[PDB]
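Have a look at the structure below, then the notes.
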Amino acid sequence: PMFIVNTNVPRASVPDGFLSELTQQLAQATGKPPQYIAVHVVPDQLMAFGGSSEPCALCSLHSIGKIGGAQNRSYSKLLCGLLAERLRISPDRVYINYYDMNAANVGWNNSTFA
Amino acid sequence: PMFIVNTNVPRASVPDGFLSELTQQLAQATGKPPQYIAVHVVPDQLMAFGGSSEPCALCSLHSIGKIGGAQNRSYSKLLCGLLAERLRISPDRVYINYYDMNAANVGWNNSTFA
Amino acid sequence: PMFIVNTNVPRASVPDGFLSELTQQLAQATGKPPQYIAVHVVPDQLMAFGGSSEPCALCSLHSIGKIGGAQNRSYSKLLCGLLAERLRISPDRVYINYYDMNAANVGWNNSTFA
Ligand SMILES: O=c1nc(-c2cccnc2)sc2ccccc12
Ligand SMILES: O=c1nc(-c2cccnc2)sc2ccccc12
Ligand SMILES: O=c1nc(-c2cccnc2)sc2ccccc12
Ligand SMILES: O=c1nc(-c2cccnc2)sc2ccccc12
C-alpha cells in the first residue's frame with residue numbers, strides 16, 4: 001500500500017517517527033506486511049481547504065484490495081486521528097482519497113502484482 | 001472537491017489570492033459550496049511537457065460526482081483560462097486529470113462520505 | 001501521457017537530462033509521440049518504503065489507453081531500469097501506479113480529448 005499526505009503544516013512540525021508510525025499503523029490497519037507499505041509526507045504546501053489556509057491535509061491511500069465502505073471509515077478514523085495528534089490538523093480539514101488498485105496496475109520491481 | 005496544480009512556474013509568479021480565486025471559481029463551476037473545495041498549488045516543479053521546460057502544468061480535479069463529458073470540458077476551459085491569465089501558462093501545456101470519486105472512497109472528519 | 005516520480009533522492013542527484021530521457025523512452029514505450037508526454041520529477045521527498053528511508057520512488061503513469069496487464073509489466077521494466085541507473089534506486093523500492101484514463105477525463109488546451 002501507499003499513503004501520501006500533503007499538508008500546509010511546516011516540516012518542523014512533522015515529528016520524528018511519523019513515517020515509521022504511519023508505516024506500522026497502516027500495516028496493522030490493512031493487514032499488509034510493513035515491508036510493502038510506502039509512506040510519503042509533503043509539508044509546507046500552498047493549500048487552502050474551504051478557502052482557509054488553516055492547517056489542512058489532502059491524502060491518498062492506494063491498496064490492492066482492503067478498500068471499501070467500512071474499511072475506509074476505519075482508515076479515516078485512524079488517519080485523521082494521527083494527523084490530529086501528530087500534525088495538529090483538524091479532522092474536518094482533511095480529505096483522504098481511497099483507491100482500490102487492480103494488481104495489474106501496480107508496478108513494482110520490474111513487473112506488476114498481477 | 002479537490003484541485004491540485006503542479007507547475008514549473010516559480011512561486012513568486014503565483015498571484016496573491018490565486019487559491020481564493022480557484023476556490024471561488026471551482027465552487028461556482030462544480031455547484032459545490034466553497035467550504036467543500038480544497039486547492040493545492042505546487043510551484044517550482046521539475047517538469048517537462050513535450051520535452052520542453054517552458055511553463056506547463058499538470059493538474060487534477062477530484063469530485064464526488066459533477067464529473068462528465070460536458071462538465072469536464074467546461075472545467076478545462078475555466079482552469080486553462082485561469083492558468084493562462086494568472087500563471088501565464090499556455091493552455092496547450094496543461095493536462096488536467098478528472099476523477100469521479102465514489103463517496104465511500106473519500107474520507108473526511110474521521111469517517112467517509114456516502 | 002503523464003509520468004510522475006516522487007523520490008527521496010536529493011535534487012542534485014537528479015540528472016539534468018532525466019526529464020528528457022524519460023520523455024523519449026516513454027514515447028517509444030507507449031507509442032505516443034514525445035510531444036504528448038509530460039514528465040514530473042519530485043526529489044527531496046520525505047518518504048519511506050517498507051519502513052526504511054533508503055532511496056525509493058513512488059510513481060504514476062497516466063495515459064489514455066496504452067495501459068494494460070502486459071504493457072504495464074513492460075513499463076515497469078523500463079522505468080525501474082531508468083530509476084536504477086539514473087537515480088540509483090533499487091527496483092524493489094519502486095512503486096508505479098498505472099492509470100488508464102478515459103479521454104473525457106483528460107483536459108488539455110481548454111477542452112478534453114473526448
Ligand atoms: O495491497 C497492496 N498494495 C500495494 C500498492 C497499491 C497501490 C499503490 N502502491 C502499492 S503494494 C502491495 C504489495 C504486497 C501486498 C499487497 C500490496
Ligand atoms: O458545509 C458543510 N461542509 C462540509 C465539508 C465537508 C468536507 C470538507 N469541507 C467541508 S461537511 C458539512 C456537514 C454538515 C453541514 C454542512 C457541511
Ligand atoms: O463533490 C464533493 N467532493 C469532495 C471530494 C472529492 C474527491 C476528493 N476530495 C474531496 S468533498 C464533498 C463533500 C460533500 C459533498 C460533495 C463533495
Ligand atoms: O495517451 C494519451 N494520454 C494523455 C494523458 C493521459 C492522462 C493524463 N495526462 C495525459 S495526453 C494524449 C494526447 C494525445 C494522444 C494521446 C494521449
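As shown in the C-alpha cells, the chain order sets the letters A, B, ...; within each chain, residues go from 1, and ligands are also counted from 1 in the order they appear.
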Exercise. Could you name the residues that touch residue C:25 at 9 Å or less, counting only C-alpha atoms, but leaving out those on the same chain fewer than 5 positions away, as a ChimeraX atom specification?
Worked result: /C:20,30,34,78-79
For this session: May I have the residues within 12 Å of stretch 63-77 of chain C as number ranges by chain, using only C-alpha atoms and disregarding those fewer than 3 positions away in the same chain?
Result: A: 102-114; B: 95-97; C: 1-4, 22, 25-32, 36-38, 59-60, 80-84, 91-92, 94-107, 112-114
For this session: Taking the DSSP assignment computed from this structure's backbone, write out as a PyMOL selection string all residues of stretch 80-114 of chain A that belong to alpha helix (DSSP H).
Result: chain A and resi 80-87
For this session: Write out as an MDAnalysis selection string all residues of stretch 13-111 of chain B that DSSP puts in strand (DSSP E) for this structure's backbone.
Result: chainID B and resid 38:42 46:49 57:63 94:100 106:108 111
For this session: Find the spatial neighbours of residue A:14, counting only C-alpha atoms, within a cut-off of 12 Å - ignore same-chain residues fewer than 3 positions away - and output them as a ChimeraX atom specification.
Result: /A:5-11,17-22,40-44,82-89 /C:46
Write the residues of the preceding selection, restricted to C-alpha atoms, as a PDB file, in the first residue's frame.
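The file below, selection_32.pdb, is the result:
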```
ATOM      1  CA  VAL A   5      -0.219  13.214   2.964  1.00  0.00           C
ATOM      2  CA  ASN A   6       0.052  16.702   1.550  1.00  0.00           C
ATOM      3  CA  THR A   7      -0.223  19.448   4.120  1.00  0.00           C
ATOM      4  CA  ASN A   8       0.466  23.110   4.732  1.00  0.00           C
ATOM      5  CA  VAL A   9       1.854  22.288   8.169  1.00  0.00           C
ATOM      6  CA  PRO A  10       5.586  23.180   8.303  1.00  0.00           C
ATOM      7  CA  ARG A  11       8.233  20.467   8.064  1.00  0.00           C
ATOM      8  CA  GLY A  17       8.946   8.898  13.963  1.00  0.00           C
ATOM      9  CA  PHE A  18       5.936   9.962  11.922  1.00  0.00           C
ATOM     10  CA  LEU A  19       6.802   7.987   8.806  1.00  0.00           C
ATOM     11  CA  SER A  20       7.539   4.930  10.936  1.00  0.00           C
ATOM     12  CA  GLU A  21       4.304   5.321  12.859  1.00  0.00           C
ATOM     13  CA  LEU A  22       2.275   5.622   9.671  1.00  0.00           C
ATOM     14  CA  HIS A  40       5.084   9.956   1.769  1.00  0.00           C
ATOM     15  CA  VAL A  41       4.606  13.181   3.755  1.00  0.00           C
ATOM     16  CA  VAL A  42       4.724  16.530   1.990  1.00  0.00           C
ATOM     17  CA  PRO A  43       4.766  19.533   4.333  1.00  0.00           C
ATOM     18  CA  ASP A  44       4.934  23.260   3.689  1.00  0.00           C
ATOM     19  CA  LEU A  82      -2.847  10.537  13.558  1.00  0.00           C
ATOM     20  CA  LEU A  83      -2.996  13.814  11.636  1.00  0.00           C
ATOM     21  CA  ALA A  84      -4.804  15.485  14.529  1.00  0.00           C
ATOM     22  CA  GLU A  85      -2.471  14.105  17.198  1.00  0.00           C
ATOM     23  CA  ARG A  86       0.850  14.426  15.379  1.00  0.00           C
ATOM     24  CA  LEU A  87       0.326  17.347  12.995  1.00  0.00           C
ATOM     25  CA  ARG A  88      -2.452  19.196  14.853  1.00  0.00           C
ATOM     26  CA  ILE A  89      -4.701  19.186  11.819  1.00  0.00           C
TER      27      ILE A  89
ATOM     28  CA  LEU C  46      10.091  12.718   2.997  1.00  0.00           C
TER      29      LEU C  46
END
```
Here's a check: after a least-squares fit over all in-order C-alpha atoms, write chain A in the frame of chain B, as an mmCIF file with C-alpha atoms, in the first residue's frame.
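For reference, out26.cif as written:
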```cif
data_model
loop_
_atom_site.group_PDB
_atom_site.id
_atom_site.type_symbol
_atom_site.label_atom_id
_atom_site.label_comp_id
_atom_site.auth_asym_id
_atom_site.auth_seq_id
_atom_site.Cartn_x
_atom_site.Cartn_y
_atom_site.Cartn_z
ATOM 1 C CA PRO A 1 -13.831 18.779 -4.349
ATOM 2 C CA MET A 2 -10.074 18.948 -4.580
ATOM 3 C CA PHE A 3 -8.013 20.723 -7.226
ATOM 4 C CA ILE A 4 -4.259 20.406 -7.466
ATOM 5 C CA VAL A 5 -1.949 22.219 -9.865
ATOM 6 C CA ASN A 6 1.673 21.238 -10.259
ATOM 7 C CA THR A 7 3.728 23.659 -12.295
ATOM 8 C CA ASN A 8 7.265 24.713 -13.091
ATOM 9 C CA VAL A 9 6.254 28.362 -12.815
ATOM 10 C CA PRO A 10 8.103 29.996 -9.875
ATOM 11 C CA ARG A 11 6.315 30.645 -6.587
ATOM 12 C CA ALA A 12 6.763 34.386 -7.020
ATOM 13 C CA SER A 13 4.656 34.188 -10.182
ATOM 14 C CA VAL A 14 1.663 32.806 -8.294
ATOM 15 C CA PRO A 15 -0.492 35.857 -7.569
ATOM 16 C CA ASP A 16 -1.831 36.587 -4.143
ATOM 17 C CA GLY A 17 -5.472 35.640 -4.288
ATOM 18 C CA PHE A 18 -4.932 32.654 -6.558
ATOM 19 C CA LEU A 19 -5.996 30.010 -4.061
ATOM 20 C CA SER A 20 -9.062 32.068 -3.174
ATOM 21 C CA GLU A 21 -9.932 32.595 -6.818
ATOM 22 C CA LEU A 22 -9.635 28.893 -7.575
ATOM 23 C CA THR A 23 -11.822 28.151 -4.554
ATOM 24 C CA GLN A 24 -14.535 30.575 -5.628
ATOM 25 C CA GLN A 25 -14.415 29.648 -9.317
ATOM 26 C CA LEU A 26 -14.508 25.958 -8.549
ATOM 27 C CA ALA A 27 -17.411 26.392 -6.150
ATOM 28 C CA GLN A 28 -19.290 28.110 -8.991
ATOM 29 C CA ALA A 29 -18.271 25.537 -11.580
ATOM 30 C CA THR A 30 -19.027 22.426 -9.545
ATOM 31 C CA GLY A 31 -21.925 23.975 -7.683
ATOM 32 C CA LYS A 32 -20.458 22.644 -4.458
ATOM 33 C CA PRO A 33 -20.221 24.885 -1.382
ATOM 34 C CA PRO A 34 -16.845 26.691 -1.147
ATOM 35 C CA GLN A 35 -16.343 25.305 2.335
ATOM 36 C CA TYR A 36 -15.945 21.845 0.747
ATOM 37 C CA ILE A 37 -13.408 22.942 -1.885
ATOM 38 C CA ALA A 38 -9.707 22.250 -1.329
ATOM 39 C CA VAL A 39 -7.046 23.746 -3.563
ATOM 40 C CA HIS A 40 -3.346 22.995 -3.732
ATOM 41 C CA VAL A 41 -0.790 24.828 -5.896
ATOM 42 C CA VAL A 42 2.721 23.456 -6.256
ATOM 43 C CA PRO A 43 5.147 25.808 -8.016
ATOM 44 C CA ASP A 44 8.828 25.508 -8.849
ATOM 45 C CA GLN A 45 8.500 21.932 -10.044
ATOM 46 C CA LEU A 46 10.974 20.063 -12.189
ATOM 47 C CA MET A 47 8.727 19.224 -15.130
ATOM 48 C CA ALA A 48 8.739 18.829 -18.865
ATOM 49 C CA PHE A 49 5.796 18.768 -21.222
ATOM 50 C CA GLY A 50 6.514 17.386 -24.672
ATOM 51 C CA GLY A 51 10.216 17.422 -23.815
ATOM 52 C CA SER A 52 10.178 21.185 -23.208
ATOM 53 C CA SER A 53 10.647 22.982 -19.904
ATOM 54 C CA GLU A 54 8.607 26.024 -20.902
ATOM 55 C CA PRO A 55 5.777 26.810 -18.458
ATOM 56 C CA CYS A 56 3.392 23.902 -18.090
ATOM 57 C CA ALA A 57 1.007 22.418 -15.534
ATOM 58 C CA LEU A 58 -0.216 19.011 -14.505
ATOM 59 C CA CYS A 59 -3.456 19.239 -12.563
ATOM 60 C CA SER A 60 -6.158 17.086 -11.051
ATOM 61 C CA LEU A 61 -9.751 17.701 -10.094
ATOM 62 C CA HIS A 62 -11.401 15.173 -7.794
ATOM 63 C CA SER A 63 -15.106 15.413 -7.097
ATOM 64 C CA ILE A 64 -17.857 13.126 -5.937
ATOM 65 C CA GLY A 65 -19.934 13.473 -9.074
ATOM 66 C CA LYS A 66 -20.145 16.558 -11.303
ATOM 67 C CA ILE A 67 -17.578 14.886 -13.544
ATOM 68 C CA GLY A 68 -18.396 13.983 -17.116
ATOM 69 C CA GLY A 69 -18.058 14.750 -20.798
ATOM 70 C CA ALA A 70 -19.435 18.257 -21.137
ATOM 71 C CA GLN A 71 -18.748 19.265 -17.552
ATOM 72 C CA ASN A 72 -15.063 18.387 -17.912
ATOM 73 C CA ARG A 73 -14.827 20.455 -21.085
ATOM 74 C CA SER A 74 -16.252 23.381 -19.151
ATOM 75 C CA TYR A 75 -13.837 22.844 -16.265
ATOM 76 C CA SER A 76 -10.917 22.669 -18.693
ATOM 77 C CA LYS A 77 -11.844 25.945 -20.337
ATOM 78 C CA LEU A 78 -12.248 27.518 -16.903
ATOM 79 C CA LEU A 79 -9.073 26.135 -15.422
ATOM 80 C CA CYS A 80 -6.840 26.576 -18.472
ATOM 81 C CA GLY A 81 -8.221 30.111 -18.600
ATOM 82 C CA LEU A 82 -7.108 30.761 -15.034
ATOM 83 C CA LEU A 83 -3.710 29.137 -15.550
ATOM 84 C CA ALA A 84 -3.152 31.191 -18.697
ATOM 85 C CA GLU A 85 -4.291 34.469 -17.141
ATOM 86 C CA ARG A 86 -2.743 34.114 -13.688
ATOM 87 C CA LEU A 87 0.299 31.898 -14.255
ATOM 88 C CA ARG A 88 0.943 32.632 -17.947
ATOM 89 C CA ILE A 89 0.859 28.966 -18.851
ATOM 90 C CA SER A 90 -0.237 28.122 -22.392
ATOM 91 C CA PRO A 91 -3.401 25.967 -22.407
ATOM 92 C CA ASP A 92 -1.701 23.482 -24.702
ATOM 93 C CA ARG A 93 0.882 22.832 -21.997
ATOM 94 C CA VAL A 94 -1.697 21.876 -19.386
ATOM 95 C CA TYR A 95 -3.123 18.476 -18.542
ATOM 96 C CA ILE A 96 -5.987 18.160 -16.066
ATOM 97 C CA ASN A 97 -6.956 14.717 -14.886
ATOM 98 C CA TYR A 98 -10.580 14.456 -13.733
ATOM 99 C CA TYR A 99 -11.635 11.918 -11.137
ATOM 100 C CA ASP A 100 -15.197 11.002 -10.280
ATOM 101 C CA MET A 101 -14.737 9.752 -6.735
ATOM 102 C CA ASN A 102 -17.100 7.289 -5.092
ATOM 103 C CA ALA A 103 -18.290 8.854 -1.841
ATOM 104 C CA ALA A 104 -17.124 5.747 0.056
ATOM 105 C CA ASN A 105 -13.610 6.455 -1.193
ATOM 106 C CA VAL A 106 -13.422 10.003 0.096
ATOM 107 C CA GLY A 107 -12.469 10.338 3.729
ATOM 108 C CA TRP A 108 -13.154 13.457 5.739
ATOM 109 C CA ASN A 109 -13.421 14.113 9.460
ATOM 110 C CA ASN A 110 -13.236 10.574 10.762
ATOM 111 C CA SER A 111 -15.528 8.959 8.221
ATOM 112 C CA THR A 112 -16.290 8.974 4.522
ATOM 113 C CA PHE A 113 -19.025 10.647 2.513
ATOM 114 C CA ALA A 114 -20.922 7.429 1.821
#
```
